[PDB]
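Next up: just one chain, as structure tokens, the form deposited in one PDB entry.
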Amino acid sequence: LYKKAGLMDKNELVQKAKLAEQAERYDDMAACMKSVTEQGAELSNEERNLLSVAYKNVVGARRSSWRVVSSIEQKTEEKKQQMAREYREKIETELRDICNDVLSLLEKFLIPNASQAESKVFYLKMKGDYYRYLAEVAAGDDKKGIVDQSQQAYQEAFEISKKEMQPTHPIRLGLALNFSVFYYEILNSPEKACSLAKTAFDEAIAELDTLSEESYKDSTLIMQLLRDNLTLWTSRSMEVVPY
């Protein structure tokens, strides 16, 4: 504007994203973390975590709005129907922006800068998520193509994490959680879904001896969701966790 290039230092940007979080202003938070990302430095686990939550909440709000409106779109007898149809489309657009914004960050910065496998797995999972959201809202011909960009990501994530990470690890567990949901809600393979969940859950249960006090609340919460899902698939406080 007309400021003198006393821009915010990275440390300061992160202090703001935190402030923005406690103040329930996730647009601000996403913005602060997008900036930090763009500096090109590999993000610390804190920053990475912060970034993830920030966009979980931002994309999340729209997804809720899209589902409310897309529903109302269809509880219609005439003219009001396409009032809703357009509103939905405007929301789909907000969505695709946020999704593509994040997807960019993941391609141009986060995934290439990934040091240890744990981080690659992190960002690949993220990639599958936001490709998945595009898919949820994608057009007829595009969908099939979007939905397996989603799957390729989740998949590579899965493979690395099996070779390289403990099953009690929140990242591997959160990946499991969202992949099994992918198979279920996106591919309608409740069979492949249930397999992923149970295996993931069991292998973690197998090694609860190994789960550390520091990962404990997070991992067990994800395990609990995996298991709560399995009951349902047989017979969202996830927005505050990065995994």
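Only residues modelled in both forms are compared. Residue positions are given as counts along the sequence shown, with the first one as 1. Take the two forms, superpose them, and find the largest set of C-alpha atoms that agree within 1.5 Å; that set is the rigid core.
When the other compared entries with both flanking residues are checked, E213 is unmodelled in at least a third. Per the record, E77 and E78 are separated by a gap of 1 to 3 residues from the deposited sequence that were not modelled.
According to the PDB entry, the deposited sequence contains 4 to 9 residues between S235 and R236 that lack coordinates. For the pair 134-142 and 97-105, the mean Cα B-factor is higher in 134-142.
The question of which stretch, 25-33 or 185-193, has the higher mean Cα B factor is settled in favour of 185-193.
Ranked by C-alpha B-factor against the other modelled residues of its chain, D209 falls in the highest third.
Annotation for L51: C-alpha temperature factor in the lowest third relative to the rest of the modelled chain, per the entry. When the modelled residues of the chain are ordered by their C-alpha B factor, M165 lands in the middle third. In this PDB entry, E92 carries a Cα temperature factor that places it within the lowest third of its chain's modelled residues. Ranked against the other modelled residues of its chain, the C-alpha B-factor of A41 as given in the entry falls in the highest third.
Keep in mind that the form solved in complex with a partner chain is missing from the display, and what follows is about it.
Mapping the unseen interface onto this chain, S52 counts among the residues with a heavy atom inside 4.5 Å of the partner chain in the deposited complex. Proximity of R132 to the partner chain in the deposited complex: non-hydrogen atoms within 4.5 Å are present. Interface membership of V181, defined by any non-hydrogen atom within 4.5 Å of the partner chain in the deposited complex, is confirmed. Proximity of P170 to the partner chain in the deposited complex falls within the 4.5 Å heavy atom cutoff.
Candidate site formed by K34, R96 and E107: none of these residues places a non-hydrogen atom within 4.5 angstroms of the partner chain in the deposited complex. After superposition on the rigid core, only one stretch of three or more consecutive residues whose Cα atoms move by at least 2 Å between the shown form and the other one is found, at 210-218.
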